[PDB]
>>> print(open('input.pdb').read())   # PDB, C-alpha atoms
ATOM      1  CA  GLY J   1     140.134 218.755 174.458  1.00  0.00           C
ATOM      2  CA  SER J   2     139.511 221.413 171.804  1.00  0.00           C
ATOM      3  CA  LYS J   3     137.745 220.910 168.502  1.00  0.00           C
ATOM      4  CA  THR J   4     140.509 221.590 166.086  1.00  0.00           C
ATOM      5  CA  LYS J   5     140.302 220.057 162.617  1.00  0.00           C
ATOM      6  CA  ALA J   6     139.388 221.063 159.162  1.00  0.00           C
ATOM      7  CA  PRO J   7     135.799 219.780 158.984  1.00  0.00           C
ATOM      8  CA  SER J   8     134.965 221.268 155.688  1.00  0.00           C
ATOM      9  CA  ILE J   9     137.685 221.422 153.094  1.00  0.00           C
ATOM     10  CA  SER J  10     136.697 222.141 149.602  1.00  0.00           C
ATOM     11  CA  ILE J  11     138.918 221.305 146.749  1.00  0.00           C
ATOM     12  CA  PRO J  12     136.475 220.670 143.883  1.00  0.00           C
ATOM     13  CA  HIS J  13     137.951 218.898 140.964  1.00  0.00           C
ATOM     14  CA  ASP J  14     136.090 219.893 137.871  1.00  0.00           C
ATOM     15  CA  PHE J  15     135.592 216.982 135.610  1.00  0.00           C
ATOM     16  CA  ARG J  16     132.112 215.883 134.736  1.00  0.00           C
ATOM     17  CA  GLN J  17     133.336 214.600 131.425  1.00  0.00           C
ATOM     18  CA  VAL J  18     133.066 210.912 130.774  1.00  0.00           C
ATOM     19  CA  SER J  19     136.310 209.405 131.832  1.00  0.00           C
ATOM     20  CA  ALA J  20     138.263 208.113 128.948  1.00  0.00           C
ATOM     21  CA  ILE J  21     141.745 206.879 129.388  1.00  0.00           C
ATOM     22  CA  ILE J  22     143.730 210.052 129.247  1.00  0.00           C
ATOM     23  CA  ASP J  23     146.979 209.279 130.870  1.00  0.00           C
ATOM     24  CA  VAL J  24     149.427 211.883 131.868  1.00  0.00           C
ATOM     25  CA  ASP J  25     149.547 212.324 135.632  1.00  0.00           C
ATOM     26  CA  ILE J  26     149.147 209.179 137.802  1.00  0.00           C
ATOM     27  CA  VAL J  27     146.973 206.154 137.007  1.00  0.00           C
ATOM     28  CA  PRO J  28     144.532 205.557 139.924  1.00  0.00           C
ATOM     29  CA  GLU J  29     144.082 202.084 141.292  1.00  0.00           C
ATOM     30  CA  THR J  30     140.746 201.337 139.825  1.00  0.00           C
ATOM     31  CA  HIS J  31     139.878 198.027 141.398  1.00  0.00           C
ATOM     32  CA  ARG J  32     137.961 196.871 138.575  1.00  0.00           C
ATOM     33  CA  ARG J  33     135.728 193.942 139.074  1.00  0.00           C
ATOM     34  CA  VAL J  34     135.797 192.239 135.738  1.00  0.00           C
ATOM     35  CA  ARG J  35     132.992 189.802 135.844  1.00  0.00           C
ATOM     36  CA  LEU J  36     132.347 187.012 133.456  1.00  0.00           C
ATOM     37  CA  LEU J  37     128.818 185.940 133.279  1.00  0.00           C
ATOM     38  CA  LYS J  38     128.693 182.393 132.284  1.00  0.00           C
ATOM     39  CA  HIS J  39     125.189 181.384 131.489  1.00  0.00           C
ATOM     40  CA  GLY J  40     124.758 178.587 128.983  1.00  0.00           C
ATOM     41  CA  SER J  41     127.893 179.772 127.379  1.00  0.00           C
ATOM     42  CA  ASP J  42     131.357 179.547 128.772  1.00  0.00           C
ATOM     43  CA  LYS J  43     133.645 181.628 126.687  1.00  0.00           C
ATOM     44  CA  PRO J  44     136.783 183.543 127.592  1.00  0.00           C
ATOM     45  CA  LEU J  45     135.312 187.037 127.738  1.00  0.00           C
ATOM     46  CA  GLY J  46     138.690 188.450 126.822  1.00  0.00           C
ATOM     47  CA  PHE J  47     140.714 188.614 129.972  1.00  0.00           C
ATOM     48  CA  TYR J  48     143.431 186.129 130.825  1.00  0.00           C
ATOM     49  CA  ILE J  49     145.658 185.522 133.838  1.00  0.00           C
ATOM     50  CA  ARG J  50     149.395 185.077 134.189  1.00  0.00           C
ATOM     51  CA  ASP J  51     151.688 183.720 136.826  1.00  0.00           C
ATOM     52  CA  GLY J  52     154.952 185.539 137.089  1.00  0.00           C
ATOM     53  CA  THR J  53     157.589 186.929 139.268  1.00  0.00           C
ATOM     54  CA  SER J  54     156.837 190.205 140.879  1.00  0.00           C
ATOM     55  CA  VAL J  55     159.916 191.905 142.192  1.00  0.00           C
ATOM     56  CA  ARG J  56     159.496 193.750 145.413  1.00  0.00           C
ATOM     57  CA  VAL J  57     161.881 195.422 147.771  1.00  0.00           C
ATOM     58  CA  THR J  58     161.877 193.704 151.095  1.00  0.00           C
ATOM     59  CA  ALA J  59     164.224 193.864 154.048  1.00  0.00           C
ATOM     60  CA  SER J  60     165.950 190.885 152.453  1.00  0.00           C
ATOM     61  CA  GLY J  61     166.490 193.032 149.385  1.00  0.00           C
ATOM     62  CA  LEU J  62     165.063 192.708 145.975  1.00  0.00           C
ATOM     63  CA  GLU J  63     163.069 189.587 146.077  1.00  0.00           C
ATOM     64  CA  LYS J  64     160.664 188.062 143.713  1.00  0.00           C
ATOM     65  CA  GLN J  65     157.397 186.666 144.703  1.00  0.00           C
ATOM     66  CA  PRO J  66     154.978 184.726 142.534  1.00  0.00           C
ATOM     67  CA  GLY J  67     152.139 186.912 141.547  1.00  0.00           C
ATOM     68  CA  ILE J  68     149.160 186.580 139.330  1.00  0.00           C
ATOM     69  CA  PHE J  69     148.951 189.162 136.572  1.00  0.00           C
ATOM     70  CA  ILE J  70     147.100 189.397 133.308  1.00  0.00           C
ATOM     71  CA  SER J  71     148.555 187.155 130.595  1.00  0.00           C
ATOM     72  CA  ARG J  72     146.670 188.220 127.518  1.00  0.00           C
ATOM     73  CA  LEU J  73     144.025 190.674 126.770  1.00  0.00           C
ATOM     74  CA  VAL J  74     141.683 190.345 123.850  1.00  0.00           C
ATOM     75  CA  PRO J  75     140.189 193.467 122.204  1.00  0.00           C
ATOM     76  CA  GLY J  76     136.515 193.399 123.012  1.00  0.00           C
ATOM     77  CA  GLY J  77     137.247 191.894 126.350  1.00  0.00           C
ATOM     78  CA  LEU J  78     135.956 193.697 129.423  1.00  0.00           C
ATOM     79  CA  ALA J  79     139.467 194.333 130.753  1.00  0.00           C
ATOM     80  CA  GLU J  80     140.373 196.061 127.461  1.00  0.00           C
ATOM     81  CA  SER J  81     136.985 197.778 127.396  1.00  0.00           C
ATOM     82  CA  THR J  82     137.855 199.497 130.667  1.00  0.00           C
ATOM     83  CA  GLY J  83     141.051 200.744 128.981  1.00  0.00           C
ATOM     84  CA  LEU J  84     142.488 201.684 132.345  1.00  0.00           C
ATOM     85  CA  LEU J  85     143.779 198.186 132.694  1.00  0.00           C
ATOM     86  CA  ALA J  86     146.615 196.600 130.824  1.00  0.00           C
ATOM     87  CA  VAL J  87     148.218 193.090 130.614  1.00  0.00           C
ATOM     88  CA  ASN J  88     150.798 194.310 133.191  1.00  0.00           C
ATOM     89  CA  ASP J  89     148.153 194.718 135.924  1.00  0.00           C
ATOM     90  CA  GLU J  90     147.846 192.457 138.978  1.00  0.00           C
ATOM     91  CA  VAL J  91     145.063 190.040 139.974  1.00  0.00           C
ATOM     92  CA  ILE J  92     143.777 189.958 143.553  1.00  0.00           C
ATOM     93  CA  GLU J  93     140.556 187.932 143.769  1.00  0.00           C
ATOM     94  CA  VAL J  94     138.446 185.407 141.947  1.00  0.00           C
ATOM     95  CA  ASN J  95     134.745 185.786 142.917  1.00  0.00           C
ATOM     96  CA  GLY J  96     135.600 186.124 146.545  1.00  0.00           C
ATOM     97  CA  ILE J  97     138.595 183.903 146.713  1.00  0.00           C
ATOM     98  CA  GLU J  98     141.966 185.551 146.998  1.00  0.00           C
ATOM     99  CA  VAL J  99     144.536 184.369 144.485  1.00  0.00           C
ATOM    100  CA  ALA J 100     147.540 185.303 146.570  1.00  0.00           C
ATOM    101  CA  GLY J 101     149.750 182.355 147.328  1.00  0.00           C
ATOM    102  CA  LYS J 102     147.856 180.145 145.032  1.00  0.00           C
ATOM    103  CA  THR J 103     149.007 178.314 141.952  1.00  0.00           C
ATOM    104  CA  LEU J 104     147.943 179.512 138.476  1.00  0.00           C
ATOM    105  CA  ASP J 105     146.234 176.186 137.856  1.00  0.00           C
ATOM    106  CA  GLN J 106     144.351 176.659 141.046  1.00  0.00           C
ATOM    107  CA  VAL J 107     143.227 180.165 140.158  1.00  0.00           C
ATOM    108  CA  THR J 108     142.084 179.050 136.715  1.00  0.00           C
ATOM    109  CA  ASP J 109     140.262 176.054 138.200  1.00  0.00           C
ATOM    110  CA  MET J 110     138.552 178.234 140.772  1.00  0.00           C
ATOM    111  CA  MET J 111     137.307 180.668 138.192  1.00  0.00           C
ATOM    112  CA  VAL J 112     135.887 177.764 136.195  1.00  0.00           C
ATOM    113  CA  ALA J 113     134.188 176.274 139.263  1.00  0.00           C
ATOM    114  CA  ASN J 114     132.584 179.586 139.749  1.00  0.00           C
ATOM    115  CA  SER J 115     132.479 180.711 136.091  1.00  0.00           C
ATOM    116  CA  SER J 116     128.759 181.543 136.268  1.00  0.00           C
ATOM    117  CA  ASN J 117     129.495 183.942 139.101  1.00  0.00           C
ATOM    118  CA  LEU J 118     133.008 184.902 138.137  1.00  0.00           C
ATOM    119  CA  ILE J 119     134.239 188.256 139.213  1.00  0.00           C
ATOM    120  CA  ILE J 120     137.935 188.994 138.944  1.00  0.00           C
ATOM    121  CA  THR J 121     139.580 191.751 140.874  1.00  0.00           C
ATOM    122  CA  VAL J 122     142.414 193.434 139.089  1.00  0.00           C
ATOM    123  CA  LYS J 123     144.559 196.327 140.201  1.00  0.00           C
ATOM    124  CA  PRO J 124     146.641 198.638 137.938  1.00  0.00           C
ATOM    125  CA  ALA J 125     150.392 198.132 137.974  1.00  0.00           C
ATOM    126  CA  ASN J 126     150.615 201.366 136.032  1.00  0.00           C
ATOM    127  CA  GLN J 127     152.138 203.155 138.935  1.00  0.00           C
ATOM    128  CA  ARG J 128     153.841 206.502 138.938  1.00  0.00           C
TER     129      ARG J 128
END
>>> encode(input="input.pdb", output="structure tokens")
Amino acid sequence: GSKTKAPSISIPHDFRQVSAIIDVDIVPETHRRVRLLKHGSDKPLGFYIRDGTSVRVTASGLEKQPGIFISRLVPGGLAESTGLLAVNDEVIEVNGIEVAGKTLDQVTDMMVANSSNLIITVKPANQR
């Protein structure tokens, strides 16, 4: 019963400026689909992937899980072009294939199998 909510809340954030990486307060998780369009040419666009230990706090304590991150970033590469993303950031998907629980070799192979339609999902580890 009753219709109690706040239907219309209005907190307008003024910012119609083109977003450039100004970093002070909190880096948003821009799930940036970095796509490599392989078409007659198969070049590393500038993003690279890493396999490393991500330390998380579980009920078992501080544990490390294998996670896919960025390994190297080349200036001119789409991941660098976004600016919001750094080598520290985490990888989630390749095209439409999740990389979680998969080997690095497998992730690299997958992105080559699907290089012409390669879209990589990365998520900022620049948390605050």
>>> resolve_selection(input="input.pdb", expression="the PyMOL selection byres ((chain J and resi 47-54) around 9)", output="PDB file with C-alpha atoms, in the frame of the given file")
ATOM      1  CA  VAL J  34     135.797 192.239 135.738  1.00  0.00           C
ATOM      2  CA  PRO J  44     136.783 183.543 127.592  1.00  0.00           C
ATOM      3  CA  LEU J  45     135.312 187.037 127.738  1.00  0.00           C
ATOM      4  CA  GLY J  46     138.690 188.450 126.822  1.00  0.00           C
ATOM      5  CA  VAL J  55     159.916 191.905 142.192  1.00  0.00           C
ATOM      6  CA  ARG J  56     159.496 193.750 145.413  1.00  0.00           C
ATOM      7  CA  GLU J  63     163.069 189.587 146.077  1.00  0.00           C
ATOM      8  CA  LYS J  64     160.664 188.062 143.713  1.00  0.00           C
ATOM      9  CA  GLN J  65     157.397 186.666 144.703  1.00  0.00           C
ATOM     10  CA  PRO J  66     154.978 184.726 142.534  1.00  0.00           C
ATOM     11  CA  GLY J  67     152.139 186.912 141.547  1.00  0.00           C
ATOM     12  CA  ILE J  68     149.160 186.580 139.330  1.00  0.00           C
ATOM     13  CA  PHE J  69     148.951 189.162 136.572  1.00  0.00           C
ATOM     14  CA  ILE J  70     147.100 189.397 133.308  1.00  0.00           C
ATOM     15  CA  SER J  71     148.555 187.155 130.595  1.00  0.00           C
ATOM     16  CA  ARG J  72     146.670 188.220 127.518  1.00  0.00           C
ATOM     17  CA  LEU J  73     144.025 190.674 126.770  1.00  0.00           C
ATOM     18  CA  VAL J  74     141.683 190.345 123.850  1.00  0.00           C
ATOM     19  CA  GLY J  77     137.247 191.894 126.350  1.00  0.00           C
ATOM     20  CA  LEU J  78     135.956 193.697 129.423  1.00  0.00           C
ATOM     21  CA  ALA J  79     139.467 194.333 130.753  1.00  0.00           C
ATOM     22  CA  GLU J  80     140.373 196.061 127.461  1.00  0.00           C
ATOM     23  CA  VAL J  87     148.218 193.090 130.614  1.00  0.00           C
ATOM     24  CA  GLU J  90     147.846 192.457 138.978  1.00  0.00           C
ATOM     25  CA  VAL J  91     145.063 190.040 139.974  1.00  0.00           C
ATOM     26  CA  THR J 103     149.007 178.314 141.952  1.00  0.00           C
ATOM     27  CA  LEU J 104     147.943 179.512 138.476  1.00  0.00           C
ATOM     28  CA  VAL J 107     143.227 180.165 140.158  1.00  0.00           C
ATOM     29  CA  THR J 108     142.084 179.050 136.715  1.00  0.00           C
TER      30      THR J 108
END
>>> residues_around(input="input.pdb", residues="segment 9-22 of chain J", least_positions_apart="4", cutoff="12 Å", atoms="all atoms listed in the file", output="MDAnalysis selection string")
chainID J and resid 5 26:28 30 80:86
>>> write_last_selection(input="input.pdb", atoms="C-alpha atoms", output="mmCIF file, in the coordinates of the input")
data_model
loop_
_atom_site.group_PDB
_atom_site.id
_atom_site.type_symbol
_atom_site.label_atom_id
_atom_site.label_comp_id
_atom_site.auth_asym_id
_atom_site.auth_seq_id
_atom_site.Cartn_x
_atom_site.Cartn_y
_atom_site.Cartn_z
ATOM 1 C CA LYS J 5 140.302 220.057 162.617
ATOM 2 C CA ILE J 26 149.147 209.179 137.802
ATOM 3 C CA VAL J 27 146.973 206.154 137.007
ATOM 4 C CA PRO J 28 144.532 205.557 139.924
ATOM 5 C CA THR J 30 140.746 201.337 139.825
ATOM 6 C CA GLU J 80 140.373 196.061 127.461
ATOM 7 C CA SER J 81 136.985 197.778 127.396
ATOM 8 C CA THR J 82 137.855 199.497 130.667
ATOM 9 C CA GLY J 83 141.051 200.744 128.981
ATOM 10 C CA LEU J 84 142.488 201.684 132.345
ATOM 11 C CA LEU J 85 143.779 198.186 132.694
ATOM 12 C CA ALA J 86 146.615 196.600 130.824
#
>>> closest_residue(input="input.pdb", among="J:2, J:106, J:95, J:121", to="residue 31 of chain J", atoms="all atoms listed in the file")
J:121
>>> resolve_selection(input="input.pdb", expression="the PyMOL selection byres ((chain J and resi 110) around 12)", output="list in words")
residues 93, 94, 95, 96, 97, 98, 99, 102, 103, 104, 105, 106, 107, 108, 109, 111, 112, 113, 114, 115, 116, 117, 118, 119 and 120 of chain J
>>> atom_distance(input="input.pdb", atom1="atom CA of residue 76 of chain J", atom2="atom CA of residue 35 of chain J")
13.8 Å
>>> atom_distance(input="input.pdb", atom1="atom CA of residue 75 of chain J", atom2="atom CA of residue 88 of chain J")
15.3 Å
>>> atom_distance(input="input.pdb", atom1="atom CA of residue 23 of chain J", atom2="atom CA of residue 124 of chain J")
12.8 Å
>>> closest_residue(input="input.pdb", among="J:58, J:89, J:41, J:100", to="residue 29 of chain J", atoms="all atoms listed in the file")
J:89
>>> closest_residue(input="input.pdb", among="J:4, J:24, J:32, J:60", to="residue 122 of chain J", atoms="all atoms listed in the file")
J:32
>>> decode(input="input.pdb", residues="segment 16-49 of chain J", atoms="N, CA and C atoms", output="short mmCIF file (atom, residue, chain, number, x, y, z; two decimals), in the first residue's frame")
data_model
loop_
_atom_site.label_atom_id
_atom_site.label_comp_id
_atom_site.auth_asym_id
_atom_site.auth_seq_id
_atom_site.Cartn_x
_atom_site.Cartn_y
_atom_site.Cartn_z
N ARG J 16 29.50 19.29 -19.48
CA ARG J 16 29.21 19.01 -20.88
C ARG J 16 30.52 19.10 -21.66
N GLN J 17 31.57 19.25 -20.90
CA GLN J 17 32.92 19.32 -21.42
C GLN J 17 33.29 17.94 -21.92
N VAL J 18 34.19 17.87 -22.85
CA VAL J 18 34.63 16.59 -23.34
C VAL J 18 35.51 15.97 -22.28
N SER J 19 35.17 14.78 -21.89
CA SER J 19 35.86 14.12 -20.83
C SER J 19 37.27 13.73 -21.20
N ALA J 20 38.19 14.34 -20.52
CA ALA J 20 39.56 14.06 -20.61
C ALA J 20 39.92 13.49 -19.29
N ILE J 21 40.92 12.69 -19.24
CA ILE J 21 41.30 12.07 -17.99
C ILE J 21 41.82 13.07 -16.94
N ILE J 22 40.91 13.60 -16.19
CA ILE J 22 41.21 14.40 -15.06
C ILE J 22 40.91 13.52 -13.89
N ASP J 23 41.90 13.20 -13.14
CA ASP J 23 41.72 12.26 -12.06
C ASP J 23 42.06 12.85 -10.73
N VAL J 24 41.04 12.97 -9.94
CA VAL J 24 41.14 13.45 -8.59
C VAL J 24 40.27 12.56 -7.71
N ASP J 25 38.97 12.65 -7.91
CA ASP J 25 38.01 11.92 -7.09
C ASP J 25 37.37 10.77 -7.86
N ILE J 26 37.77 9.55 -7.50
CA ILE J 26 37.20 8.28 -8.00
C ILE J 26 37.28 8.07 -9.54
N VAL J 27 37.86 6.96 -9.94
CA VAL J 27 37.90 6.58 -11.34
C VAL J 27 36.74 5.61 -11.59
N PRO J 28 35.77 5.99 -12.43
CA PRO J 28 34.61 5.14 -12.73
C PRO J 28 35.01 3.90 -13.52
N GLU J 29 34.28 2.82 -13.35
CA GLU J 29 34.54 1.63 -14.07
C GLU J 29 34.03 1.67 -15.49
N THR J 30 34.75 2.35 -16.33
CA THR J 30 34.41 2.42 -17.70
C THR J 30 34.75 1.11 -18.38
N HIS J 31 33.73 0.30 -18.60
CA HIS J 31 33.92 -0.96 -19.27
C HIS J 31 34.08 -0.69 -20.70
N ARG J 32 35.28 -0.62 -21.05
CA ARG J 32 35.70 -0.13 -22.29
C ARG J 32 35.90 -1.30 -23.21
N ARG J 33 35.13 -1.34 -24.26
CA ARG J 33 35.29 -2.38 -25.22
C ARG J 33 36.34 -1.98 -26.25
N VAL J 34 37.52 -2.48 -26.06
CA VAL J 34 38.62 -2.17 -26.93
C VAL J 34 38.60 -3.19 -28.05
N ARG J 35 38.20 -2.77 -29.20
CA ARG J 35 38.08 -3.69 -30.28
C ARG J 35 39.18 -3.54 -31.29
N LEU J 36 39.66 -4.66 -31.75
CA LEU J 36 40.69 -4.72 -32.73
C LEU J 36 40.04 -5.20 -33.99
N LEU J 37 40.13 -4.42 -35.02
CA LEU J 37 39.55 -4.80 -36.24
C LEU J 37 40.60 -5.33 -37.15
N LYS J 38 40.66 -6.60 -37.21
CA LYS J 38 41.56 -7.26 -38.10
C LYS J 38 40.87 -7.49 -39.39
N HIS J 39 41.44 -6.95 -40.40
CA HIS J 39 40.91 -6.99 -41.76
C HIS J 39 42.05 -6.89 -42.74
N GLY J 40 42.62 -8.01 -43.11
CA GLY J 40 43.72 -8.01 -44.07
C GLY J 40 45.04 -7.67 -43.42
N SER J 41 44.96 -7.24 -42.20
CA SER J 41 46.07 -6.87 -41.43
C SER J 41 45.80 -7.34 -40.02
N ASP J 42 46.78 -7.93 -39.42
CA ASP J 42 46.67 -8.47 -38.10
C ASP J 42 47.85 -7.96 -37.31
N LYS J 43 47.67 -6.82 -36.75
CA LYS J 43 48.69 -6.16 -35.98
C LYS J 43 48.20 -5.97 -34.56
N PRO J 44 49.10 -6.02 -33.58
CA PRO J 44 48.76 -5.65 -32.23
C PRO J 44 48.43 -4.17 -32.21
N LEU J 45 47.18 -3.85 -31.97
CA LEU J 45 46.69 -2.47 -32.03
C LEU J 45 47.41 -1.63 -30.96
N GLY J 46 47.80 -2.26 -29.88
CA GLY J 46 48.52 -1.53 -28.86
C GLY J 46 48.19 -1.97 -27.47
N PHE J 47 47.24 -2.86 -27.34
CA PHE J 47 46.88 -3.38 -26.05
C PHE J 47 47.47 -4.77 -25.90
N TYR J 48 47.83 -5.12 -24.71
CA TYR J 48 48.37 -6.47 -24.45
C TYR J 48 47.79 -7.02 -23.16
N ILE J 49 47.81 -8.33 -22.99
CA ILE J 49 47.22 -8.94 -21.81
C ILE J 49 48.24 -9.68 -20.96
#
